[PDB]
Protein chains: 2
Amino acid sequence: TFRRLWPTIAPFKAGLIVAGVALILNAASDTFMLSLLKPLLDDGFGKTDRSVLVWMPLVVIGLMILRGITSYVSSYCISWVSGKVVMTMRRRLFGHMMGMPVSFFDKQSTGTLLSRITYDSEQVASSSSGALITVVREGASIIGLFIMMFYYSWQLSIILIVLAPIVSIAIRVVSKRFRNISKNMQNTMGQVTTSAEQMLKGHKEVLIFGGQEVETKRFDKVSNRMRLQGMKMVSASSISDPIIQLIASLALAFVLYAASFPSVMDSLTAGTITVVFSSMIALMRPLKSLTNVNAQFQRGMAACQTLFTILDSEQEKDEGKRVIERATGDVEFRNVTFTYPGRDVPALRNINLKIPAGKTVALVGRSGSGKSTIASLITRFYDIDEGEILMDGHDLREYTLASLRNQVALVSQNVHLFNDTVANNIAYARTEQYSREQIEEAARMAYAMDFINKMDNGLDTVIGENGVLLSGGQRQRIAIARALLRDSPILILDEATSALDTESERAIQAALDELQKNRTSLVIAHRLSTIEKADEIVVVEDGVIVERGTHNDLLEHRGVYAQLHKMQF
Amino acid sequence: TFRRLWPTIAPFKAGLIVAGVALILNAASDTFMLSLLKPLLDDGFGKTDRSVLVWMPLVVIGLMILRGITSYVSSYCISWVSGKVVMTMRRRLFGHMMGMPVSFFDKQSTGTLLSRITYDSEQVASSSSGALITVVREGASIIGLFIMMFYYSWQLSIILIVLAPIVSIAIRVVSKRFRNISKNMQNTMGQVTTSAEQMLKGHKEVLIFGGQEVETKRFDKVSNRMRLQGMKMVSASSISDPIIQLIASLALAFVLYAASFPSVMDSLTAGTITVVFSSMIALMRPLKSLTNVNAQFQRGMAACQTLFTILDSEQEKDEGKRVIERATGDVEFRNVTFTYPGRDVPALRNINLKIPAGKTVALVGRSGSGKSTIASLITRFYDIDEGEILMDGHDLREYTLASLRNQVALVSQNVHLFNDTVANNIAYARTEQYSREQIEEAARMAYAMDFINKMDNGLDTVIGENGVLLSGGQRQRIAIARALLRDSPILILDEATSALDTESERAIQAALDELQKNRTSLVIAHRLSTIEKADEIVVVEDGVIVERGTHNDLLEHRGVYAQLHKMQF
């Protein structure tokens, strides 16, 4: 249909001209081999010219080195072009895929994304280069054959060509006329077998009514109506093939007769008949493959219309200019209404919260709807529907995304750990600034240097999966080290519940205390010590704030807090 | 394997001789046709203009008809044999499956009994006769072609059949040597695409940590590693075909070289090289199809062991000689316990019953397990386990089958009506002894003559399936007409279902009443129309009958039957 793919191809066309010059020579080295059938039967055994029988082997090996070399120059130089319009347009998606909104990667697409940069990105050039191999090779074999047919004997070529569609249409009308009769009599047999199906259902009355002789004599007339009709299908179906063969071979009598009696013909001498009759046996194969070209240039371009919807899609909204470097202040909510895309229930309904300068606040609860989403609203993973979150006196939508995202931390158990060294995993996208001394000192400050010591090299060993496959405590404390070294002002402590082994909960808890010793903290938690030591607690139950006060006043008014402490304790 | 099918084929062996004489002549006319290539190319065009060219076209249609009328004689006289060893074998199963017990027919095989007569009995002769028209037609063309090979220049034939297996084994070892490299580099591709898969997981940490340019300068070094390994499969998997073609054409070079010898080139003329070379391309297909003569003979004989177990399973137990003409007496039970075959839980517990002469007994209950079982074992559809049943002073085991089953009369709504006329559906298996006037009078005595008079003929019209498609109300009174006409002394009335229809329930109740002025009648009844007038009432409780009394005593003692009236009402 459309070709917007051709600006990608147009840097690399010097591999396509070589694959269309050294591919025609794969078709003119086959119609130059069939023309050797003329001297072999003419100047060869019939005469006493032995010398034509000695150079003919040397032009048979010599014409399949040329058919074995241009089948390698045209399959490699078309793999360099169909390998660099698969490579270029696969790294164009992955410069736009890491800029698309999280909502697309939420539940809209999970694992079919690899099916757009491994499988649906290969069929755009493994089935659209099958519309240039078939057109050029089997579109120049046919011209060579139609030249070799007309140079040798123009008189017989017209006779043979004219008889070609008549045989096909006669065969087609005969086949239709017999499959109609076959379908009719198959329907008749299907009508007959119903009574034989029914005869086995009366077994509960055949025995008690005393008659098996009636039901074994009345089956002698159903089976005899299933043989005299059952033998007629092969009597009316095996007659069609002799008719087809006789119709086909009546024309081969006319081809021989036309080359017999007129003296306008018989310019043929025993090699000019083998080279024209056996050429077009090898012309039927470059006639069934050329007609299936547009069945392949509609799959190799239907898969390009799929990849043009992943691309040119709406990216992150960057309608902001305000830049914040060090967010020292308060974060508050105002009239914030938000629900998840693709869902109906509202999660956020006019929520008013305030985070003071450096004091921690705990959003505890067992609701499972309201605690996890507010980290997304803060980090602007999901944009707010209606309302405003005032971050240091300004809305987040006024702020640029890169400046806003740098002021936050996401310490959690479920971190994904990259395939790089310690100097790169704790210093992601800051390695050109951060020296290794402050990196290793922050690693000691995270109380996880002991696990780095028990390693292959230590501070420059690979970490991520396909490598060492570390445990969750090392992942949590390396996330602690990352957020400690980056020194973010605002911290969303997830504090995920897991196994707390002796002298493993101690190191994790000490690292947590050292991290939250300073700085503002909105902590989601199920930990009793962080519940009691929090300055102000906030409980959200199904999007409803039951109270906003201290833990002692939340002990005085029960509500849901003590009922939560039933399972906390 | 063990062909016991042969005695059903041996009287029809005269069709397998015509189909083995008129099938050889379909393979000696594909050999007598290629031998025309020698007078056409040598004695035809090369010598003169009109020598052999006017005599050949009257042969190429002469051979065609001698092949179109031996593809109809050998395809009809084998289907007279493969359609008469199916018919003899199909109606031998239906002289054995109509005398074999109900233990086959209760859910062991329900719809698969049709696919042992219709489809499975066809594959014993549609796939065992396809292993004879292959071993004879394409086992006589090969012997035919190997005469043309050796009458026409045997030296070239010897040096060509020497050369063929070397080419075959060289092609095989080359294909293996390249498929090893292909699968190894496919695994090498799999590792790289796993490493490419492991990148899109950390989107939630790509955005927040500020690193997007790292993931666009790391995917560049993954895509090049995924392109230089994607070029190499096309580079290394496209060397196999030129090597195969060059190895193949070196043999043709050797043949054309050895044709230059003065010993070989003595009997090779303008002809005699086309017929030898082009008959081998017509010899690969009969050599190929021959190998599958034992992959089809053991498909059409392995389906002759499926239906031979139907022919070998156990039939009726007829170990008995006692007979009775008309059972005028009692039927009594002796603590008989019986469970259905294929089950462990006893469907019927210990039951003790007494049936008087000319009185009604009722097996009333809503349990649905035990009342119909007693009717089955009484008519001896299933043989009993624990004890004996004395019918007229003798056990049922002592009695023969047709003596006992001619004394019962099953009456229900689920009667199956044969597709033969009503004239004989009221006198089934006894239409000769009874004349038409008795059938007419018994039709009026069953109060069903009025609906017969509404029909197209009356006495001799089609009444079963696929005709007028009768209702269950007509089926009830035609069953009463049947059970009144045969005049059985024991009436197992099942009472059908309670569907009162004005002036249909009246006729049904009148026929049901008039049937039972006389004769011993064990009835099963979920309806109250017979219980209040019953002489003796027994009531089954789950699986055991514990209350065997009168109506007034069963009104005095509640038990179960009183509550059965309570939620019956």
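Enumerate the pairs (first residue in the stretch B:42-66 and more than 21 Å from A:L156 (Cα to Cα); second residue anywhere and in a loop (DSSP other than H, G, I, E, B)) with beta-carbon separation below 6 Å, excluding pairs fewer than 6 apart on the same chain, so at least 6 apart or on different chains.
Partner pairs satisfying both residue conditions: B:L63/B:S29; B:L66/B:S29.
Only one of A:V81, A:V85 is closer than 30 Å to B:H203 by Cα, more than 10 Å from chain B (Cβ to nearest Cβ) and either touching a strand residue (DSSP E or B) at 6+ places or on another chain (Cβ under 8 Å) or crowded, with 20+ Cβ neighbours inside 10 Å (or both); which? If you could, list the steps in order and put the result at the bottom.
Numbers: A:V81 fails: closer than 30 Å to B:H203 by Cα.
Among A:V81, A:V85, only A:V85 is closer than 30 Å to B:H203 by Cα, more than 10 Å from chain B (Cβ to nearest Cβ) and either touching a strand residue (DSSP E or B) at 6+ places or on another chain (Cβ under 8 Å) or crowded, with 20+ Cβ neighbours inside 10 Å (or both).
Taking the criterion of being touching a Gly at 6+ places or on another chain (Cβ under 6 Å), more than 7 Å from chain B (Cβ to nearest Cβ) and part of a loop (DSSP other than H, G, I, E, B), would at least one residue in the stretch A:105-119 satisfy it?
Of the stretch A:105-119, the ones touching a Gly at 6+ places or on another chain (Cβ under 6 Å) are none.
So far as the stretch A:105-119 goes, no, none of its residues is touching a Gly at 6+ places or on another chain (Cβ under 6 Å), more than 7 Å from chain B (Cβ to nearest Cβ) and part of a loop (DSSP other than H, G, I, E, B).
In this structure, is B:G211 within 7 Å of chain A (Cβ to nearest Cβ) and either exposed (fewer than 14 other Cβ atoms within 10 Å of the Cβ) or within 30 Å of A:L417 (Cα to Cα) (or both)? If you could, list the steps in order and put the result at the bottom.
Working: within 7 Å of chain A (Cβ to nearest Cβ): yes; either exposed (fewer than 14 other Cβ atoms within 10 Å of the Cβ) or within 30 Å of A:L417 (Cα to Cα) (or both): yes.
Here the answer is yes, as B:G211 does meet what is asked.
Conditions first: (1) touching a residue at least 12 places away in the same chain (Cβ under 8 Å); (2) assigned to a helix (DSSP H, G or I); (3) within 13 Å of another protein chain (Cβ to nearest Cβ). B:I142 passes all but one, so which condition is the exception?
The failed condition is (3).
Out of (1) polar (S, T, N, Q); (2) more than 30 Å from B:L113 (Cα to Cα); (3) crowded, with 16+ Cβ neighbours inside 10 Å; (4) away from every other protein chain (no Cβ under 14 Å), the odd one out for B:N292 is which?
(3)
Looking only at the stretch A:332-361, count how many residues are hydrophobic (A, V, I, L, M, F, W, C) and under 43 Å from the mean Cα position of the chain (by Cα).
First, the residues of the stretch A:332-361 that are hydrophobic (A, V, I, L, M, F, W, C): A:333, A:336, A:338, A:345, A:347-348, A:351, A:353, A:355, A:357, A:361.
When the remaining residues are screened for being under 43 Å from the mean Cα position of the chain (by Cα), the result is A:333, A:336, A:338, A:345, A:347-348, A:351.
Within the stretch A:332-361, residues that are hydrophobic (A, V, I, L, M, F, W, C) and under 43 Å from the mean Cα position of the chain (by Cα) number 7.
Every residue, every condition in (1) of a type in the set (A, V, I, L, M); (2) under 25 Å from B:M280 (Cβ atoms), yes or no:
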| position | (1), (2) |
| --- | --- |
| B:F32 | no, yes |
| B:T48 | no, no |
| B:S51 | no, no |
| B:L58 | yes, no |
| B:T70 | no, yes |
| B:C77 | no, no |
| B:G95 | no, no |
| B:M100 | yes, no |
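Listed here are the residues, each with its yes/no results for (1) surrounded by 18 or more Cβ atoms within 10 Å (Cβ to Cβ); (2) within 18 Å of B:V214 (Cβ to Cβ); (3) in contact with a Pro (Cβ under 6 Å, 6 or more places away or on another chain); (4) of a type in the set (V, I, T).
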site: A:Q438; (1), (2), (3), (4): no, no, no, no
site: A:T461; (1), (2), (3), (4): no, no, no, yes
site: A:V468; (1), (2), (3), (4): no, no, no, yes
site: A:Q476; (1), (2), (3), (4): yes, no, no, no
site: A:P489; (1), (2), (3), (4): yes, no, no, no
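Could you please find all residues in the stretch B:418-436 being crowded, with 17+ Cβ neighbours inside 10 Å and away from chain A (no Cβ under 14 Å)?
The one that is crowded, with 17+ Cβ neighbours inside 10 Å and away from chain A (no Cβ under 14 Å): B:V422.
So, in the stretch B:521-569, exactly how many residues are in contact with a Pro (Cβ under 9 Å, 6 or more places away or on another chain) and either closer than 21 Å to B:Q509 by Cβ or surrounded by fewer than 14 Cβ atoms within 10 Å (Cβ to Cβ) (or both)? Walk me through how you get there before you give the answer.
Filtering the stretch B:521-569 for residues in contact with a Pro (Cβ under 9 Å, 6 or more places away or on another chain) gives B:535-536, B:543.
From what's left, either closer than 21 Å to B:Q509 by Cβ or surrounded by fewer than 14 Cβ atoms within 10 Å (Cβ to Cβ) (or both): B:535.
Residues that pass the stated criteria total 1.
What are the residues in the stretch A:113-148 that are β-branched (V, I, T) and within 22 Å of A:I281 (Cα to Cα), if any?
So the first thing to find is which residues in the stretch A:113-148 are β-branched (V, I, T), and the list is A:117-118, A:124, A:133-136, A:142-143, A:147.
Within the stretch A:113-148, A:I133, A:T134, A:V135, A:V136, A:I142, A:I143, A:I147 qualify.
Within the stretch A:477-495, work out how many residues are out of contact with any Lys or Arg (no Cβ under 8 Å at 6 or more places or on another chain) and more than 22 Å from A:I463 (Cα to Cα).
Of the residues in that region, 4 qualify.
Here is a check on your reading of the model: is B:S71 polar (S, T, N, Q) and at the interface with chain A (Cβ under 10 Å from one of its Cβ atoms)?
Yes; evaluated as a whole, the condition is true for this residue.
In the stretch A:401-446, what count of residues is obtained for those that are assigned to a helix (DSSP H, G or I) and in contact (Cβ under 8 Å) with a residue 24 or more places away in the chain? Break it down stepwise before answering.
Of the residues in the stretch A:401-446, the ones assigned to a helix (DSSP H, G or I) are A:401-405, A:422-425, A:436-445.
Imposing the further condition that a residue be in contact (Cβ under 8 Å) with a residue 24 or more places away in the chain reduces the set to A:401, A:403-405, A:422-423, A:425, A:438-439, A:442-443, A:445.
Selection size over the stretch A:401-446: 12.
If I go through the stretch B:377-395 residue by residue, how many of them are in a loop (DSSP other than H, G, I, E, B) and free of Cβ contacts under 8 Å to residues at least 40 places away in the same chain? Before the answer, list the steps.
Kept after step one, since they are in a loop (DSSP other than H, G, I, E, B), are these residues of the stretch B:377-395: B:379-388, B:392-393.
Next cut, free of Cβ contacts under 8 Å to residues at least 40 places away in the same chain only: B:380.
Here the count works out to 1.
Inside the stretch B:188-285, counting only helices (runs of 4 or more DSSP H) that do not spill past its ends, which hold 1 or more residues that are over 30 Å from B:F146 (Cα atoms) and under 54 Å from the mean Cα position of the chain (by Cα)? Steps first, answer last, please.
On the way: elements: B:203-206, B:214-217, B:219-223, B:231-236, B:240-258, B:274-280.
Where helices (runs of 4 or more DSSP H) fall fully within the stretch B:188-285 and carry at least 1 residues being over 30 Å from B:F146 (Cα atoms) and under 54 Å from the mean Cα position of the chain (by Cα), they are B:231-236, B:240-258.
Quick check on A:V135: is it in the same structural domain as A:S237 (by TED's automatic domain parsing) and either more than 28 Å from A:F261 (Cα to Cα) or not aliphatic (A, V, I, L, M) (or both)?
Here the answer is no, as A:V135 does not meet what is asked.
Among the residues of the stretch A:298-335, write down those that are touching a helix residue (DSSP H, G or I) at 6+ places or on another chain (Cβ under 8 Å), part of a loop (DSSP other than H, G, I, E, B) and either under 30 Å from A:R397 (Cβ atoms) or without any contact (Cβ under 8 Å) to a residue 12 or more places away in the chain (or both). Steps first, please.
The first filter runs over the stretch A:298-335 and keeps only residues touching a helix residue (DSSP H, G or I) at 6+ places or on another chain (Cβ under 8 Å), leaving A:299-301, A:303-304, A:306-307, A:310-311, A:313, A:315-316, A:318, A:320, A:322-325, A:331.
So of that shortlist, the ones also part of a loop (DSSP other than H, G, I, E, B) come out as A:299-301, A:311, A:313, A:315-316, A:318, A:320, A:323-325.
Correct list: A:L311, A:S313, A:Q315, A:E316, A:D318, A:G320, A:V323, A:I324, A:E325.
With respect to A:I243, is the statement that it is surrounded by fewer than 18 Cβ atoms within 10 Å (Cβ to Cβ), within 7 Å of chain B (Cβ to nearest Cβ) and in contact (Cβ under 8 Å) with a residue 24 or more places away in the chain true? Please lay out each step first, then the result.
Working: surrounded by fewer than 18 Cβ atoms within 10 Å (Cβ to Cβ): yes; within 7 Å of chain B (Cβ to nearest Cβ): no; in contact (Cβ under 8 Å) with a residue 24 or more places away in the chain: yes.
No.
Within the stretch B:89-101, can one find any residue that is loosely packed, with under 15 Cβ neighbours inside 10 Å, more than 7 Å from every other protein chain (Cβ to nearest Cβ) and in a helix (DSSP H, G or I)?
No: zero hits.
Name, by its number, the condition in (1) farther than 28 Å from A:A357 by Cβ; (2) in contact with a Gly (Cβ under 7 Å, 6 or more places away or on another chain); (3) hydrophobic (A, V, I, L, M, F, W, C) that does not hold for A:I508.
Failed condition: (1).
Is there a residue being of a type in the set (F, W, Y), touching a residue at least 60 places away in the same chain (Cβ under 8 Å) and either within 14 Å of chain B (Cβ to nearest Cβ) or surrounded by fewer than 13 Cβ atoms within 10 Å (Cβ to Cβ) (or both) anywhere in the stretch A:152-171?
As a first pass, look at the stretch A:152-171 and keep what is of a type in the set (F, W, Y): A:152, A:154.
Those still in the list that are touching a residue at least 60 places away in the same chain (Cβ under 8 Å) too: A:152.
Cutting the leftovers down to either within 14 Å of chain B (Cβ to nearest Cβ) or surrounded by fewer than 13 Cβ atoms within 10 Å (Cβ to Cβ) (or both) gives us A:152.
So far as the stretch A:152-171 goes, yes, one or more of its residues are of a type in the set (F, W, Y), touching a residue at least 60 places away in the same chain (Cβ under 8 Å) and either within 14 Å of chain B (Cβ to nearest Cβ) or surrounded by fewer than 13 Cβ atoms within 10 Å (Cβ to Cβ) (or both).
All of this is worked out from the model, or read from it or from the source named; no laboratory read-out is quoted. Positions of Cβ are generated from backbone atoms using ideal geometry, with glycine treated the same way; all protein chains shown enter the neighbour counts.
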